[PDB]
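Presented below is the structure to which this report refers.
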There are 6 protein chains.
Amino acid sequence: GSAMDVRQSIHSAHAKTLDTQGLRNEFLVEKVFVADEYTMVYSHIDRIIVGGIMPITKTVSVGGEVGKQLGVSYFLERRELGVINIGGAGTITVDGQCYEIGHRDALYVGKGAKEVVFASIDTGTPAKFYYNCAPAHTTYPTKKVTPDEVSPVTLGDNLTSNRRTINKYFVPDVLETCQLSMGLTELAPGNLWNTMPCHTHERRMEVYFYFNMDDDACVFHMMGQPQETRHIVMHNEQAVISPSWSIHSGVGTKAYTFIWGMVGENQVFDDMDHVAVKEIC
Amino acid sequence: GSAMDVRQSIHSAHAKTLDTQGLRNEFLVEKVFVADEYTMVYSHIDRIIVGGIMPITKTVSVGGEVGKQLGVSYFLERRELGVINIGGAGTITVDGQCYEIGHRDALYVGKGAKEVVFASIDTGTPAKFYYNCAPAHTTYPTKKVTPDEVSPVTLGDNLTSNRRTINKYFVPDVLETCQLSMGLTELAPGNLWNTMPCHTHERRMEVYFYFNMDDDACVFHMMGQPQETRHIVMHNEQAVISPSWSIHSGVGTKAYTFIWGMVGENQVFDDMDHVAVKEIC
Amino acid sequence: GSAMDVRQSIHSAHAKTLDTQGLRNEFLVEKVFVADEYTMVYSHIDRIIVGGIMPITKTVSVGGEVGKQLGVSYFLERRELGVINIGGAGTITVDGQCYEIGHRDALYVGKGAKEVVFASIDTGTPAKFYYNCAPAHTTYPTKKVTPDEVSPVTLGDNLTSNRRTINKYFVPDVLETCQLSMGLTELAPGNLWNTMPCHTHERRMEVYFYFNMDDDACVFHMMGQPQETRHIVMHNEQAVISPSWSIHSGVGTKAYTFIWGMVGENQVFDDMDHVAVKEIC
Amino acid sequence: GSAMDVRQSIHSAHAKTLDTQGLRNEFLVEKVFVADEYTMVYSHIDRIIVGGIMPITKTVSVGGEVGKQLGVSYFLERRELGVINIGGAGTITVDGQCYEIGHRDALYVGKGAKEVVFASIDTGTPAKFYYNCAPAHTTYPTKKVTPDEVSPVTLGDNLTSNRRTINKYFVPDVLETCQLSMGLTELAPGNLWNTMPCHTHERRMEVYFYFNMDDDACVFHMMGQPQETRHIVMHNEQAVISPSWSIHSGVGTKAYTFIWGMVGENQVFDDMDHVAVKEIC
Amino acid sequence: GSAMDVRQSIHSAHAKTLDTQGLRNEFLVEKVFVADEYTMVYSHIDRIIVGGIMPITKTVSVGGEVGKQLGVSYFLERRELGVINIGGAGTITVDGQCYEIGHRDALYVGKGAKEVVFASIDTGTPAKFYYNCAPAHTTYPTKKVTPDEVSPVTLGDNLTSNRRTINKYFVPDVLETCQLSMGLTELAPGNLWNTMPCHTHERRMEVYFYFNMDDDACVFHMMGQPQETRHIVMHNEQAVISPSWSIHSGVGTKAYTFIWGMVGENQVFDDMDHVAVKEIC
Amino acid sequence: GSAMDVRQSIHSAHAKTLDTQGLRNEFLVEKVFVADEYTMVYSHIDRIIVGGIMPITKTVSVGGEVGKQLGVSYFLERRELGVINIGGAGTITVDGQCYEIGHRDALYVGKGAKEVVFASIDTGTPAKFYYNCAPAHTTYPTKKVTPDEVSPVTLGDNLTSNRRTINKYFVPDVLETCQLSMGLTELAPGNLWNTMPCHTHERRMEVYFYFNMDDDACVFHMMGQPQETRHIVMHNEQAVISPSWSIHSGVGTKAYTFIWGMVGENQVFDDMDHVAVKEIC
Ligand SMILES: [Zn+2]
Ligand SMILES: [Zn+2]
Ligand SMILES: [Zn+2]
Ligand SMILES: [Zn+2]
Ligand SMILES: [Zn+2]
Ligand SMILES: [Zn+2]
């Protein structure tokens with residue numbers, strides 16, 4: 001069926017020997033949005049599935065076929081889905097129930113949903129549905145989350161180039177999920193740093209997706225163990241997978257927006273090892 | 001805090017470069033049963049936790065402290081436990097509820113159980129509780145499983161040295177679990193091969209535990225991708241971790257018994273890639 | 001002239017870094033029997049030459065041409081030859097003297113024989129002459145050895161899966177040779193292990209040839225230093241070269257038969273380092 | 001003799017295999033200013049010598065002894081020196097001629113000067129003389145360069161986090177030198193990027209020195225071939241050597257100031273390969 | 001424009017891992033003389049440029065175009081040139097001034113010369129102009145040097161196979177140059193060794209060019225650190241680049257002649273580390 | 001038991017990765033003559049044993065104990081010995097039979113000799129017995145070989161620095177041996193090259209022993225495949241082992257003498273691959 005980009009899990013000792021292209025081949029997802037298609041990358045790190053869906057002349061659906069590829073009857077038979085629309089207004093129909101998902105609206109689809117259909121309202125400005133999918137043992141209600149219900153928080157300062165607005169869509173304070181959490185953080189114009197100071201967490205893993213970047217800009221995404229850092233240079237609408245032993249911080253050449261997705265054996269966000277940047281240098 | 005042996009996940013390209021000791025350091029658990037203590041190995045491959053508990057002069061408990069090591073309040077706050085006793089009669093008390101677990105009896109403890117205490121009835125023939133623990137999002141009832149509740153099946157033939165009795169303890173036909181399944185297979189005297197022909201399954205992983213072996217015997221456990229196989233020579237009461245891209249088949253120098261534990265994103269046991277041994281050679 | 005597959009000698013430190021294919025390229029002889037042809041593999045480990053001859057529509061001979069390839073006048077000008085027929089009845093003619101070599105009959109040809117011609121009696125069930133050839137400084141009588149003159153010995157036990165019958169064809173008790181010894185060992189149905197416990201011998205080297213195996217079976221041939229073992233998966237009618245620092249033991253998925261050939265600076269079979277399997281694990 | 005830290009030249013194929021510590025060992029100068037001493041690093045890349053001098057309780061001189069270490073009679077017998085004071089007011093006496101070098105004043109010492117003595121006016125706020133020294137075949141006049149003699153130019157913008165003031169001290173428009181050029185660039189508060197977009201120049205090499213940074217800040221200095229970039233995390237008052245095949249661009253966690261030094265076979269600053277950041281990603 | 005063979009600088013730790021071809025690719029210049037063309041090899045080790053010019057049917061000139069390749073207006077705008085003719089009589093015209101350069105005559109061209117034109121008097125026995133070019137900050141007079149003005153010295157002894165005649169063309173005793181020195185040494189018939197005992201010099205580098213060798217002869221050129229020597233097998237009219245950490249000595253299979261060129265930060269020829277051959281063995 | 005220096009056989013792909021010390025560890029025998037002792041090196045390349053014996057205050061014998069180390073009853077039970085005395089007059093007693101072996105006299109001891117005792121006539125000028133020992137299947141008569149029994153041949157020329165006198169002691173024209181041949185070649189003063197042009201022979205191997213060299217001299221012994229040559233720098237009285245795939249040619253810094261020993265499956269000295277030195281370069 002549809003092509004499935006599979007990434008293996010990786011040992012820190014192996015990762016530290018990878019050259020530039022080697023790092024990209026393992027951790028970088030270069031193509032997230034493809035017209036009238038959905039992309040799908042399967043990571044053996046917590047078995048999270050990441051991708052993008054951009055419906056233009058036709059709808060794009062996931063269900064039976066994808067499920068068979070996963071050894072089950074349908075895609076979400078034993079999985080939960082988190083979707084955030086960074087493009088134009090669209091709709092997501094779950095087993096017949098249509099949800100209007102506008103710019104920056106989001107939708108969490110619980111375990112048990114048989115078919116999910118994505119569509120764009122205007123072909124001129126198509127919806128760009130970014131998603132993260134994780135194994136789920138229990139069914140929680142499918143829920144639409146708007147920027148309102150999120151209650152954004154602006155932190156940082158120009159001097160530390162981290163003035164930004166944090167929007168947490170899928171977290172305990174908003175709704176119940178099995179293990180998936182997602183949020184969107186927008187750096188203010190002229191501000192470049194995200195996740196600083198950095199951190200690592202043995203019991204959870206994160207995937208970052210960068211977007212809303214000018215064609216001539218990029219983000220130097222920092223990864224690796226604190227004392228053995230490496231970087232991947234990324235451009236607009238690309239995602240990066242972070243092993244549990246790795247940090248995940250980035251600095252752009254211009255301001256940008258990014259989405260973070262996190263899974264693991266717990267949802268204790270303070271269960272992490274904070275790393276002061278001075279320790280790195 | 002109690003020592004926690006942590007094993008990282010590993011890429012097939014990395015594993016194929018490991019020498020004999022390297023393979024042992026990564027995949028082999030050399031000591032499972034330690035008097036009056038519990039052993040615990042954490043594998044980043046599906047975050048399964050495995051070990052053994054052998055109470056002799058005192059009971060051994062797991063609960064609050066172990067939970068703190070996992071960033072939670074107690075061991076099973078977000079996990080399920082599967083235990084099989086291969087030693088003498090003992091008991092397992094879950095939050096005050098005492099279960100009599102004799103030789104070859106087993107106990108599944110669901111998510112939410114706060115403290116589990118293991119004990120042996122006779123210090124001369126201590127219980128040997130082998131356990132596998134996996135993340136769980138749903139709470140299923142704690143349940144004792146005995147041999148007469150399991151439907152034993154004899155398969156194989158002497159000519160193929162695989163005459164054996166299969167005993168599936170934690171499987172869909174017996175009880176509901178989130179992702180864990182476990183069983184015990186005993187080879188008839190003079191029969192050496194397990195999991196032959198072999199297989200691999202991208203969506204699940206298994207851990208094998210070998211026991212009931214003479215002091216002068218061993219098992220050559222075959223692992224690796226089908227076309228890049230390797231082996232680890234193991235002795236009595238040792239376990240081996242198998243990545244999803246790896247096979248897991250062993251041949252002893254004498255008959256033996258082993259327990260398999262499996263976790264992953266589905267419990268579709270037929271969702272695998274069968275590998276005819278003739279393909280390997 | 002005829003193609004000659006040459007294998008170099010190898011250092012233990014080099015061998016331990018070889019991957020699956022690397023091990024096969026160095027030590028495995030994949031094609032031993034080819035219709036109306038003879039195969040010839042030259043190993044710089046004691047300069048032993050191994051191969052197979054399967055005459056069907058024509059006879060196959062070795063003599064002048066092969067000798068020139070070795071820098072001499074004829075193949076056995078400074079070499080001795082040991083041949084064992086594992087196929088249908090045939091004949092081996094040495095400088096005009098015809099020897100009837102039936103199934104499991106053997107022939108030792110001493111230094112000085114100028115031409116050796118191999119033939120099959122029935123094209124439907126051709127002779128399969130397996131041979132080992134070694135440098136020889138003195139001429140010993142050409143001698144036909146039948147399964148009678150061998151006096152077989154049955155050892156082992158089903159429990160250790162090594163019940164087998166040992167047939168030593170070319171050994172001091174049967175005839176005089178310069179340095180070559182050969183024998184045939186047949187495992188009883190349902191028995192899998194050969195050369196266990198294993199051993200190594202600095203002053204001699206062995207070559208194993210596996211046959212009489214079902215098309216769906218294989219043998220996991222164990223090699224390498226005792227504490228750094230590796231394996232080569234082999235199928236019907238394939239041979240494997242063992243360096244002096246390496247062990248040579250194998251376990252099949254079904255019973256099989258194999259021939260061993262040994263050369264070196266002495267024929268003291270007890271001059272070896274025995275290795276208890278428990279030492280390996 | 002005074003300790004001389006010697007760095008070899010390096011091939012791009014070699015540099016791309018270096019791990020974090022390896023990169024630091026080769027290209028990073030971790031200690032530049034040491035009380036009452038001078039530091040000295042010799043790079044086989046164009047044989048440039050770099051270091052710092054911080055006189056506190058006594059003067060620090062360079063002359064005869066250093067010359068002997070270079071196989072000549074005195075330090076500047078065949079070399080030219082460029083010094084920039086980033087500390088408190090001080091003086092530099094060249095063969096008896098005393099020059100008052102205040103904060104941000106600089107001094108170029110031409111070939112032929114026998115002894116140079118560095119001093120600080122106030123021990124409470126010692127002068128911090130950063131210097132770059134290169135081979136010189138011609139004698140140009142020793143010359144003091146002050147800020148009002150330099151033509152400061154403000155470039156960049158907050159949106160691209162590169163708002164900065166460029167101060168070129170030793171350049172063709174100011175004075176004549178054999179091959180050395182040096183300048184000081186100060187990023188405005190909240191601006192982090194230097195040398196963006198980046199470049200490479202086969203015929204020249206540069207050394208960057210970062211300072212005026214808070215104790216809790218650092219600079220991720222980007223290096224390497226454009227398609228094989230690496231980074232070195234540096235802290236206050238540390239320098240980095242850049243091979244001709246490498247880029248040199250840094251981004252801080254906070255604003256900072258840095259000095260660049262450049263040598264080579266020409267002083268054609270436009271003789272370089274411009275690299276658009278979009279090419280890297 | 002004209003092809004430019006660029007060689008990077010190299011670290012001793014990198015060089016010691018290079019195989020035979022790797023050493024040749026880095027240090028050997030296989031083609032020095034090409035009919036009606038000039039060859040040009042640029043080494044990042046002191047930025048010396050080496051090559052050969054053999055005019056036959058047309059003159060060969062260097063000037064504007066080559067200069068542009070170096071980022072300047074003309075080849076010698078910031079460089080000095082040393083040329084030695086090992087072929088038939090020719091002429092070298094510098095900015096209109098014609099110099100007659102016969103067999104073994106030489107010409108030093110100082111910084112500032114805009115165009116240099118090479119020509120041969122007889123096409124049957126063309127001039128073979130070998131040159132070395134180095135960065136130069138000051139202009140010294142262009143000067144023709146004949147074998148007379150050189151005052152040759154014959155040293156060595158047949159017993160040590162180093163009987164030879166040394167001819168130093170460009171050295172302080174003959175003329176002033178910025179950093180370049182060159183000479184020609186001819187081994188007597190039957191004498192094979194050059195530069196023995198060997199040496200190294202951190203502050204200078206040398207390039208050796210071997211010629212006047214029979215078609216069936218070669219020179220085993222020894223290089224590398226004294227305790228980690230390697231060799232490059234060379235034939236008639238080939239040059240070899242030597243890093244500052246490397247020795248440069250050679251032994252032929254027959255007598256030969258060679259030219260040495262040296263550049264660096266000083267012209268103190270006794271500033272070196274002598275190495276007794278007994279130290280090497 | 002007496003120390004036995006054992007060298008493994010080696011693959012060309014392995015040998016080409018060895019650094020200077022690695023090559024020495026594998027192929028070089030640094031100490032051959034030790035006062036009142038015998039040295040012994042065992043090479044798995046044809047199982048040749050080499051060493052030296054220098055009796056000063058007492059005799060040195062080889063027999064029973066050494067045999068036990070080889071798994072036999074006595075040293076020469078299945079081996080032949082070739083000895084050449086390069087020191088002062090001495091004697092060699094074989095099972096009671098005393099042979100007077102003066103300077104440059106030699107002795108071949110055939111298979112079956114039980115004990116060999118070496119002695120020196122004058123302690124002031126001790127005998128220096130260099131020996132090569134190889135497996136032997138046939139018993140040939142023990143025989144003393146003197147210079148006047150050898151047919152010396154002078155070859156080479158000063159122009160090719162290979163003027164030398166060849167003395168073949170153990171060869172077909174002198175006596176019968178199983179596989180061993182040995183000779184002594186002395187270069188005339190001022191001549192440095194041996195075995196030039198070089199060669200390789202798949203069916204035989206050689207060991208070279210250099211001596212009569214001044215304390216300030218050495219020999220650059222060339223080895224390796226023709227297109228992947230390496231060298232080992234040796235001093236007085238040191239030996240070097242050459243794999244069948246390797247060349248063996250040396251060039252001294254002064255004249256010297258050397259002994260070659262050769263074994264293999266044939267004694268056809270013309271059965272080799274001639275390599276023109278021009279092929280190497
Ligand atoms: Zn994180
Ligand atoms: Zn499995
Ligand atoms: Zn054996
Ligand atoms: Zn630059
Ligand atoms: Zn030199
Ligand atoms: Zn040879």
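Every residue number used here counts from 1 along the chain in the order it is shown.
If you're wondering, the header gives X-ray crystallography, 1.9 Å.
Backbone N, Cα and C atoms are what each Cβ position is placed from, and that goes for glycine too.
With E:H199, E:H201, E:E206 listed by Swiss-Prot as binding Zn(2+), the candidate from E:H137, E:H231, E:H235, E:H248 annotated for that site turns out to be E:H248. According to its DSSP assignment, E:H199 (Zn(2+) binding site) is in a strand. Within the cloning artifact (E:1-3), the DSSP-based counts of helix, strand and coil residues read 0 helix, 0 strand, 3 coil. Excluding E:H199, E:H201, E:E206, E:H248, which define the Zn(2+) site, the same chain contributes E:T195, E:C198, E:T200, E:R204, E:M205, E:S242, E:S246, E:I247, E:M262, E:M272 within 8 Å (Cβ to the Cβ centroid), listed in sequence order. Every protein chain considered, the tally of other Cβ atoms within 10 Å of the Cβ of E:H199 (Zn(2+) binding site) stands at 15.
Over all protein chains present, the Cβ of E:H248 (Zn(2+) binding site) has 24 other Cβ atoms lying within 10 Å. The Cβ of E:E206 (Zn(2+) binding site) has 26 neighbouring Cβ atoms from other residues within 10 Å, across all protein chains displayed.
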